[PDB]
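Peer 1: quick one: experimental structure and sequence below.
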Amino acid sequence: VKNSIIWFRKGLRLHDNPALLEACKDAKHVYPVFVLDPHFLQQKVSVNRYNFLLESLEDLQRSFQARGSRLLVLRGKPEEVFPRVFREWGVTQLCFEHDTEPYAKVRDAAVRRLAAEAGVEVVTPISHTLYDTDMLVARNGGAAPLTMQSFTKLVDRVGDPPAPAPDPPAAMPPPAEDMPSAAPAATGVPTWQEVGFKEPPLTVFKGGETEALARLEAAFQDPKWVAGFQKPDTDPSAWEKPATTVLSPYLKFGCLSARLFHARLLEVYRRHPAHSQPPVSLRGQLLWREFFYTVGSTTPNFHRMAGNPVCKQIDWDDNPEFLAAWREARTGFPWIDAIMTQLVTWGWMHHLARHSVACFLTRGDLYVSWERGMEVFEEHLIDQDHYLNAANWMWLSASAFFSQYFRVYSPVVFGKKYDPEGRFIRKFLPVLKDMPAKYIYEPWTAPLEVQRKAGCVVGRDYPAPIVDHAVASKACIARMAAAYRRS
Ligand SMILES: Cc1cc2nc3c(=O)[nH]c(=O)nc-3n(C[C@H](O)[C@H](O)[C@H](O)COP(=O)(O)OP(=O)(O)OC[C@H]3O[C@@H](n4cnc5c(N)ncnc54)[C@H](O)[C@@H]3O)c2cc1C
Ligand SMILES: [Cl-]
């Protein structure tokens with residue numbers, strides 16, 4: 001008989017899951033499996049992103065139960081768990097979504113050889129990206145495009161991405177009964193308290209395929225907003241109703257299919273002939289993701305500076321004090337500190353909010369390496385994506401793709417143009433709640449009388465700015481210009 005495993009790593013969803021469909025075809029028993037490392041914290045990861053993952057597993061668990069099945073959360077390392085459950089469960093086929101991350105290639109290669117010795121067939125469809133990324137490289141003559149313009153012409157020549165896969169059947173082949181490694185007490189979905197975290201999560205975005213689909217339909221409620229979407233024109237200070245889709249954590253974990261997203265976009269574009277075009281359109285935002293996945297997966301050492309062929313070698317400063325003040329949201333610039341507080345509380349900021357804090361840390365003010373700021377983002381972002389976090393940090397640091405280092409965002413003026421009252425600031429920096437609007441971006445410039453009346457004395461309740469922006473930005477521009485000419 002056929003007994004199959006569907007191995008979840010990314011692609012935490014039932015819609016558009018070709019790996020799940022194949023595992024279910026002609027199957028007598030299907031084992032939906034997620035492999036959890038119970039020592040991961042004992043090694044980095046915030047409770048916000050890890051709880052997002054656990055909520056995504058709880059959602060998968062309810063979905064299989066409605067279909068007569070059960071999600072199995074195995075504890076241990078994949079290289080030590082799969083050889084046991086291959087023989088115990090009589091597995092003949094193993095299915096999982098293709099992954100191009102560096103650790104995934106080493107892990108998945110080790111699993112294929114273990115499956116070959118057990119006589120297990122391995123099926124690995126591509127569904128986390130719009131296209132076969134290796135196909136795009138081969139169609140471009142054997143090298144990935146390094147600009148969004150040439151990448152967009154490539155995908156236009158390739159055509160539409162594959163259509164989303166049909167939904168799985170209403171009833172699934174359940175796991176076999178009384179298998180020891182499938183014992184419910186050892187395969188349940190753990191809570192965040194049980195895995196090691198001591199403080200609760202504060203994010204407002206719930207994990208799961210159900211929440212992903214609900215947020216998707218909410219974005220498509222107004223087809224005019226979808227068709228006219230222009231990413232650079234969106235509001236970074238909007239927090240009650242975020243100006244973008246906030247689908248990034250669901251696309252990172254695969255709770256939402258990129259192909260489903262793309263297919264819904266085309267349906268709206270076909271009825272709206274004046275819809276925006278790449279790179280600013282909503283479809284263009286999925287192409288930025290596809291672009292960075294394509295380049296990073298074919299570039300060695302893509303997440304680092306050294307050994308990276310596309311990353312410029314700049315001698316960033318090693319200033320632990322500047323990094324600590326930026327990390328702890330005590331730069332003294334309320335716009336910067338409010339975004340860094342949103343990072344640690346919500347785990348998600350608007351794209352242009354990330355521009356402000358990334359520029360301030362790197363090429364704009366503090367001249368700290370983008371690798372250090374990345375490590376802070378990787379800890380707290382619920383949408384932390386290896387290739388996307390890498391590429392945009394190199395972009396914002398003028399180390400790759402972006403080279404206009406004379407464009408330096410002001411930590412004072414940038415947010416005032418969208419939000420002159422400082423509503424975003426007052427929400428995440430409630431110490432400045434009573435500061436009049438005239439000084440909320442520059443609290444150090446307020447007379448001492450108003451500081452006392454607002455209960456926020458600079459230097460006692462809120463810190464003074466760690467740098468003068470005019471002085472620091474001038475120095476960084478002059479050092480970036482020297483770096484670009486000594487190449
Ligand atoms: C320093 C820095 C680090 C970043 N790190 C990440 C990260 O780890 N994970 C991440 O998903 N995005 C990252 N981005 C991109 C961007 O900030 C988010 O993708 C976006 O703001 C998420 O909001 P949204 O889902 O509403 O995006 P939308 O505007 O609705 O775009 C829809 C989708 O397109 C993709 N996308 C949008 N902008 C980009 C972009 N610039 N590059 C690549 N893909 C994009 C995402 O998958 C997103 O979900 C980073 C940007 C900066 C400046
Ligand atoms: Cl500006």
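Peer 2: Thanks, I have it. Numbers count the residues shown, from 1 in each chain. Ligands and ions are numbered 1, 2, ... in the order given.

Peer 1: make it CA atoms for all contacts and neighbour counts henceforth
Peer 2: Will do.

Peer 1: would you mind listing what in this structure touches ligand 2?
Peer 2: Contact residues, the chain versus ligand 2 (C-alpha under 5 Å from the ion): 409, 410, 414.

Peer 1: grab the nearest non-local neighbour of the first one.
Peer 2: Put plainly, it is residue 409. Of all residues not flanking residue 409 in the chain, residue 356 sits nearest, at 6.4 Å (C-alpha to C-alpha, 6 or more residues apart in numbering).

Peer 1: residues in contact with that neighbour?
Peer 2: Contact partners of residue 356, counting by C-alpha atoms under 8 Å, 6 or more residues apart in numbering, are 336, 409, 410, 411.

Peer 1: 7 Å instead, please
Peer 2: Counting by C-alpha atoms under 7 Å, 6 or more residues apart in numbering, residue 356 touches 336, 409, 411.

Peer 1: check residue 258 too.
Peer 2: So residue 258 contacts 128, 129, 130, 251 (C-alpha under 7 Å, 6+ apart).

Peer 1: number of residues surrounding the residue nearest to residue 92 when sequence neighbours are not counted?
Peer 2: Excluding its sequence neighbours, the residue lying closest to residue 92 (C-alpha to C-alpha, 6+ apart) is residue 120, at 4.7 Å. Counted by other C-alpha atoms under 10 Å, the residues lying close to residue 120 total 20.

Peer 1: surely residue 120 touches residue 89?
Peer 2: No. At 11.6 Å, residue 120 and residue 89 do not qualify as touching, with contact defined as C-alpha atoms under 7 Å.

Peer 1: got a list of contacts for the longest strand belonging to the chain?
Peer 2: Under DSSP state E, the strand in the chain containing the largest number of residues is strand 29-36. The contact list for strand 29-36, computed with C-alpha under 7 Å, 6+ apart, reads 3-9, 23-24, 71-76, 78, 173-176.

Peer 1: strands paired with that strand, and their directions?
Peer 2: Applying DSSP bridges, strand 29-36 is found paired with strand 3-8 (parallel), strand 72-75 (parallel).

Peer 1: got a list of contacts for the shortest one?
Peer 2: Which is strand 72-75. Residues outside strand 72-75 that contact it (C-alpha under 7 Å, 6+ apart) are 32, 33, 34, 35, 36, 37, 38, 182, 187, 188, 189.

Peer 1: name whatever forms a beta bridge with the third one.
Peer 2: With DSSP bridges applied, residue 34 shows beta-bridge pairing to residue 8, residue 73.

Peer 1: what distance do you get for it to residue 400?
Peer 2: Plainly put, residue 34 is 36 Å away from residue 400 if you go by C-alpha to C-alpha, to the nearest Å.

Peer 1: in terms of neighbours, single out the busier of these two.
Peer 2: residue 34 (21 against 18).

Peer 1: quick check on residue 140: phi, psi?
Peer 2: phi -90, psi 20 (degrees, to the nearest 10).

Peer 1: residues touching it, list them.
Peer 2: Going by C-alpha under 7 Å, 6+ apart, the list of residues near residue 140 reads residue 154.

Peer 1: so for the longest helix along the chain, what gets flagged as buried?
Peer 2: Ranked by residue count, the top helix of the chain under DSSP state H comes out as helix 47-66. For helix 47-66, a neighbour-count test (16 or more other C-alpha atoms under 10 Å) marks 47-61, 63-64 as buried.

Peer 1: what about the residue in the stretch 201-350 of the chain positioned nearest to ligand 2, distance to residue 415?
Peer 2: Closest contact between the stretch 201-350 of the chain and ligand 2, by C-alpha to the ion, is at residue 335 (12.0 Å). Taking C-alpha to C-alpha as the measure, residue 335 falls 7 Å from residue 415.

Peer 1: quick one: which of these two has more around it?
Peer 2: More crowded of residue 335 and residue 415, by other C-alpha under 10 Å: residue 335, with 29 against 25.

Peer 1: quick one, the helix or strand hosting the more buried one and helix 47-66 angle?
Peer 2: In the assignment (DSSP states H and E), residue 335 maps to helix 334-345. In terms of direction (axes from the mean of the first three to the mean of the last three C-alpha atoms, to 10 degrees), helix 334-345 departs from helix 47-66 by 40 degrees.
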